[PDB]
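Quick heads-up: it's one chain on its own, the form deposited in one PDB entry, in structure tokens.
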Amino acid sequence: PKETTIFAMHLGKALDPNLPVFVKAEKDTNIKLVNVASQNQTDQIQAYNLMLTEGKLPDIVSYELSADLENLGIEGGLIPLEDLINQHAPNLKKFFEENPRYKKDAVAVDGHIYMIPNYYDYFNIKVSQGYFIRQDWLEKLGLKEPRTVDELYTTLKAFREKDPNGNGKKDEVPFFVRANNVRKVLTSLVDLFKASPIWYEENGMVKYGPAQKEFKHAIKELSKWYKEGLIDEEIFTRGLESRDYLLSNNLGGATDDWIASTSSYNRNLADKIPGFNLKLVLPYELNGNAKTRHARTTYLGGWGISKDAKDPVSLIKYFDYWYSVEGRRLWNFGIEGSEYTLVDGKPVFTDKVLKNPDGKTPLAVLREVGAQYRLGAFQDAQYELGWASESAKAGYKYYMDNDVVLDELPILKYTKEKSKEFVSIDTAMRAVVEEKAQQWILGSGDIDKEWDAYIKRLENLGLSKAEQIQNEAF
């Protein structure tokens, strides 16, 4: 009756193996997954950390933080995969032969492969988030598109104060985000100010975003915008339904979010909110700086086979199934005759995905059947092109043609001892950044008074050492 245990979460949800996509993989592979993440869990980091203190690791370990996952491999919790691939995973073997660049994302410094990344279709679509504004609200209030951060401030104030949704209530939420943890909340707020909450490249050197003066300015500005009601008062708690809720109730004025799914709302709300026009704009300029650091990475997270799995050969065959023509189509597009049909050998989505009766993104519908569930699969840009609006496709080209996107820093790989030390310092600093950034934005601490002590705290945790490690690995 053999069960396969897994730890898998994504976007705050424990994987449900009864979703249509995984029922089909179960039928095709004979693998019956049982999640050791339970259905009430939503914090993937605390769940993972807790799972490690179990007795046994589950057979398959999926995690979004790939440096942590690779450290589990280095420590022996995840087994090397390269011989299992070479002998039992022909689709993966072919994928790695055909894509050496992607193969290097998977190979650790000691030469073993401890995880299959979940790859984006990066050499086809490299942009990710873009800035959007309610063009219909600008028009109703007689305003031009703001082009700098200060004009955006004035525009958001006017959205807040001048009832652009026309209902006689002071209900507007001028700028909002969509995220399921603090780092991703900060990701969609500090880039406005040319800052970053993570590591980034500056002229061949690697630097920590939160330790920079542009991060202090971003936070101090956000704190002032928060006090004046220009950014959602619930930025940190609203969760992943923020965008659906704020847009569909005609409260949200502007955001920074993934281009294809944010572009889906014009069609989706066309009847419910006449004239709704949430429109992509180039990143607002800050003293002539036109750049954004929103770019797709080559992969996100991954999964590996634990040292405690009884049957690693049947598990590597499961990993491989997702790389056949059919398994990769299943993962990306969902079920034939439900989410898509074949027209000339190629999938065309149905109205269930493209014209959801209740206002759902096409991507939201696809995720409800288990498509696009981050594990260790290979995204296919044709799935995204199959539901992306014409304004989404023009949007990608808009950001590329204007050269506003700075490439993401690769996630770097380190030797055994440095890798353990880097992830330890990086995680401890991340906690400090998220604690202080919240207090400063929410108004319970004063950034001007506390910034220097905050810097000393990061330094005392090891900022210099992590920085040295990042620059050796670069």
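Residue numbers here begin at 1 and follow the sequence given.
Just so you know, the form deposited in another entry exists too; it's not on screen, but the next bit is about it.
Trainee: Among 297, 447, 347, 405, which is located at the hinge of the rigid-part motion between this form and the one not shown?
Mentor: This hinge corresponds to 297.
Trainee: Taking the shown form as reference, are the C-alpha positions of residue 104 and residue 205 brought closer or pushed farther apart in the other entry, with a change of 3 Å or more?
Mentor: Result: closer.
Trainee: Relative to what is shown, are the Cα atoms of residue 46 and residue 465 closer or farther apart in the other entry, where the gap shifts by 3 Å or more?
Mentor: They are farther apart; the C-alpha distance rises by 3 Å or more in the other entry.
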